[PDB]
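Protein chains in written order, with the UniProt record's numbering: chain A, 15 to 204, 210 to 520, 541 to 635; chain B, 19 to 290, 300 to 517, 541 to 576, 583 to 642.
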């Protein structure tokens, strides 16, 4: 069964996106409460941003060159369903070991483009679905499918029992065949096939049920990974989830670069109950609201799978998220060595990402890697390219974080990832209270006359959500936290390079887009000494207590809860992006001579 | 009970300027001398927050209640409902949950708007969005579709047993946006549009009244009864503005206004005090008693400061100057005081509504988070402009309860709290511990072991008698003894009391001096005055309530008293006790 926990559907979207300039925002609130005292609490706002890349992004030139799956034969029961489609004279004497190979990934990609276009703007009709190529489509006419062998090209065969079972799947597969350069073969017509007029409600329902039909069709052949990869590539081909880190988003470009050849095959009448249920209530003729909500949710969830699932490098026995550092300087937005490092990390990213993309959907992962190698080749196309890339003009990158997966999945344990076990990944589970560690394992070294010193291992800021709570305080939150006990102020992925050609508020990312920290933000590989300012001693001679958490708050865990999720218009605060120092440093030199 | 229900009011309020003033007449009389006595009028002012106060925008961002499981009988009824209809059978095996807290907040909001304004139709109940609201239909559901865990499911036997509660739960689901899922919708106007019969406001008010207590009984069966009544009172105070007796001290009102909840979900089984469709008067009386009883409850549930093993009301103290009308150092102390206050106020709200509170006390966590929202936000707030406060007095609790026994109060163990019980006579001490310092020409000096003005109620009698009120009584100010929360900036005792016209009673921490004070009376004027004798000063005072009468706005009571809140020497004593230890003030 697929997982569709209805998170984005409850946001109740009102406005329609018609141009590239505006964007749709979904914000969640996470409440952070220290278990030691309930005074120390904060509300972190997570803003996901969605934007339509182009008005005519669906209407794009179909090249027809790309990944092709020429070995996708049916199992025994479907082959029985297909031999039920021949003539009775032919079906009485036909080989049981016959194989009807099928490719439908290009129609999955186009239907993903049409369905995310319907999420972005309320318009959909036969004009969008066929890419203006149903006006002059000439379907060939044959009887009983014994004459299918007569056709020289491999033909998209749409039988008459599929039409007599339910006509909306037949009509929608004819429309998606008209979208691609497929040769369509039918049984009966009444020269050109004429389908009944659909309102966009039934048309969106037909688009929905054919998406799940084609996913069931490919999972029946075992090649469900290619199906869900083609559907994710189709979803991100017309929409653009705006990246949380300016670094990330190369995975979005790899999903944009995926293209497929001309579809072909025979479409059986589907077996009853291949999918048990899709754990969300969906109806015939749904509104734009609920349909756009459920499918915006699957867009954001398959965007969150890249942060939720990635291979973490083990640097000196303690796990860190993959951080790729080059020595050569960047020329014209290009880095060859950094590209080689992201290929070395993508060869292990692609397997676990296609397995968890399958695990997100209803399909099981093919143990033979087919979507993973095609996605790796999509990375190989988007790198080593002559065009300048915005996502590579840097010397330090941390690729797999593209959007935050904190409060977007109701359940996290079916997804496999070592990074979620390493302390990163899900920060707050929706619908539950998540009690996790406040800071790194520490030792109270000493207390000065007006400060208090602690020694952290400092894996990364994301193991320290307590500084989230200190971030959202309007006063005395991070100005009191300062770093002067450590001898060298060397940090990989510095907070703000603009100030320096020292307090934790001075070097930290802006983070106005999302209050939670990047999993490699302000990372270090050595132990750090932090000191807090508990009191304030004036010049005249009096002291006053500042709003600094006490000692037992630091060893006392943090309960995280999730508040509601709503929809907003864009404003300047979320549009602001942090300036990040991405260059070779002393901690990068420690990373080079580390264990890794 | 019915303390304000018997009282009859006919004034209808349609704007935020007009207000409804409840008056309680109080007789204070000494036990030793009957001829010295006084009538104190205490006034409650209720008004509209805004005209569009019930139409405030529902965010969806708010407190999220979890683990709100049903008892075994309800789960059996719900599993019968799910096994009855198709595409619901898989949802029977899991433990079912519920959340109607946003529905209860809007329910309290719209009944407060009905009890204040007096007009209700479907546009007001559902925030005029019911006319465009698609109801998902399980009969029209797809074969792949599944009844999920966060859609509000309204069964057809709920419509069969009691369609008034069914329709009202539908309207409150339209108000606080959710996925309303019914079994089948009659396609007479729209395919999924649910058309409704027209109700006169009496039947609609009765249906809303019974469905509020229906949801309260449901959440009480589920175990979370305190959070349900907390959301209900949050909506009630969210619409009705109750003007505080102490000026600039209604922070709890703004904390209840900053509450919000997540979007409601669950399923509504068949259930396991008027019966008729009432007039506006009786319904408004019982719910205005609910509102003013919670406004008394916020006073009755107050943790106490311990200063040299003496119990005082929680009074808070900063030193830093105000910026943008707010003090963060004051706000942090208010958060600590609220941390104790929420645990004590939720227990008292549970004892008021008759529901048992959960042991973890997450409703107190929601209220404390509301205090964190109102305390750590950037707006020009009138309430936090000051330096020194007594936060947790909002409305005087005297003569609002038949008894004060089940309320667990750590401040009414001392002399603080209600001065009179309604329908009863309450005898209490007129003065503190005393000694007779002496008597001279035309004056008589008593050494008062001074704690506060509320421990010395007798002076209000001296204020409210005819002739001169408290002009004869004055102080001898030594250098050690210093006042806090004074009456006016610029030695008679009338200059030191606030002169609050909203209520004749004194504020808890009206005038606090940790040390003893010397008070001299003027017995003779050189004739003889009406100053009481020594047995009247040391003798007790009985307190009684005599009727409650409603009235319109008076310009006398609308004037707020002056407190002269500034950083003082006693504030420095409290600061030194806070940061250097308690032994520095011993």
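Positions of the beta carbon are idealized from the N, C-alpha and C atoms, including for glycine.
query	result
Can you list the residues of chain A that residue 273 of chain B reaches, using a CB-CB cut of under 9 Å?	Those do not exist, as residue 273 of chain B stays about 14 Å from chain A at its closest Cβ, beyond 9 Å.
Taking beta-carbon pairs under 7 Å, can you tell me which members of the region 477 to 504 of chain B lie near chain A?	none
Does the separation of the CB atoms of residue 381 of chain A and residue 23 of chain A fall below 7 Å?	no
Let's test the definition: count the other Cβ atoms within 10 Å of the Cβ of residue 406 of chain B and tell me whether it reaches 16, buried, or not, exposed.	exposed
What residues in the region 297 to 327 of chain A have a beta carbon less than 9 Å from any beta carbon of chain B?	297, 298, 299, 300, 301, 302, 303, 304, 305, 306, 308, 309
Since residue 221 of chain A is in the alpha helix (DSSP H), which residue starts that stretch and which ends it?	219 to 239
Starting from the N-terminal side, write out each stretch of the alpha helix (DSSP H) that is 4 residues or longer and does not extend beyond the region 90 to 153 of chain A.	90 to 97, 102 to 106, 119 to 134, 140 to 144
Listed from N- to C-terminal order along the chain, which residues in the region 75 to 88 of chain B have their beta-carbon within a distance smaller than 8 Å of any beta-carbon of chain A?	77, 78, 79, 80, 81, 82, 84
Using the Cβ count rule (16 or more neighbours within 10 Å means buried), how would you classify residue 330 of chain A?	buried
Using a C-beta to C-beta distance shorter than 9 Å, which residues of chain A count as neighbours of residue 346 of chain B?	581, 583
Chain B beta carbons: is any one of them nearer than 7 Å to that of residue 392 of chain A?	no
Any Cβ of chain A within less than 7 Å of the Cβ of residue 406 of chain B?	no
Find the residues of chain B that neighbour residue 450 of chain A, judging by a C-beta separation of less than 7 Å, and give them in chain order.	84
For the region 159 to 174 of chain B, enumerate the residues whose C-beta is nearer than 7 Å to any C-beta of chain A, in chain order.	159, 160, 162, 163, 164, 165, 166, 168, 169
Does the Cβ of residue 483 of chain B have 16 or more other Cβ atoms within 10 Å, making it buried, or fewer, making it exposed?	buried
For residue 281 of chain B, return the contacting residues in chain A, with the cut-off set at a CB-CB distance below 8 Å.	24, 603
Verify whether the separation of the beta carbon atoms of residue 341 of chain A and residue 356 of chain A is less than 7 Å.	no
Would you kindly work out how many angstroms separate the C-alpha atoms of residue 234 of chain A and residue 224 of chain A, rounded to a whole number?	15 Å
So with CB distances below 9 Å, who are the chain A contacts of residue 197 of chain B?	20, 23, 24, 300, 309
For residue 82 of chain A, which three-state DSSP category applies?	coil
Looking at C-beta atoms only, is the number of pairs between the region 64 to 77 of chain A and the region 284 to 294 of chain A that lie closer than 8 Å three or more?	no
Note down the Cα distance separating residue 351 of chain A from residue 243 of chain A, rounded to an integer number of angstroms.	39 Å
Between which two residues does the beta strand (DSSP E) harbouring residue 363 of chain A extend?	From DSSP, residue 363 of chain A is part of no beta strand (DSSP E) but of the alpha helix (DSSP H) over 355 to 379.
Do the CB positions of residue 621 of chain A and residue 413 of chain A come within less than 7 Å of each other?	yes
Just reading off the beta strand (DSSP E) that residue 395 of chain B is part of, what are its end residues?	Unbroken run through residue 395 of chain B is the alpha helix (DSSP H), 389 to 402; no beta strand (DSSP E).
Residue range of the beta strand (DSSP E) that residue 44 of chain A falls in?	38 to 48
Does the structure place the region 589 to 598 of chain A close enough to the region 92 to 104 of chain A that three or more beta carbon pairs sit under 8 Å?	no
To be precise: take each residue of the region 356 to 377 of chain B, compare its Cβ to all Cβ atoms of chain A, and keep it if any distance is under 8 Å. Which residues remain?	356, 359, 362, 363, 366
What's the call for residue 287 of chain B, buried or exposed, on a 16-neighbour Cβ count within 10 Å?	buried
Specify whether the region 75 to 91 of chain B and the region 200 to 214 of chain B touch according to this definition: at least 3 beta carbon pairs, one from each stretch, less than 8 Å apart.	no
Can you name the residues of chain B whose CB is closer than 8 Å to the CB of residue 43 of chain A?	79
I need the straight-line Cα distance from residue 111 of chain A to residue 100 of chain B, nearest angstrom please.	44 Å
Verify the CB distance criterion: does residue 338 of chain B have a CB-CB separation below 7 Å to chain A?	no
In chain order, what residues of the same chain lie with their CB nearer than 7 Å to the CB of residue 320 of chain A, ignoring the 5 residues before and after it?	379, 427, 428
From which residue to which residue does the beta strand (DSSP E) around residue 214 of chain B run?	Taken as a continuous stretch (DSSP letters only), residue 214 of chain B belongs to no beta strand (DSSP E), as it is neither H nor E.
Just verifying my parser: in three-state terms, what is the DSSP assignment at residue 629 of chain A?	helix
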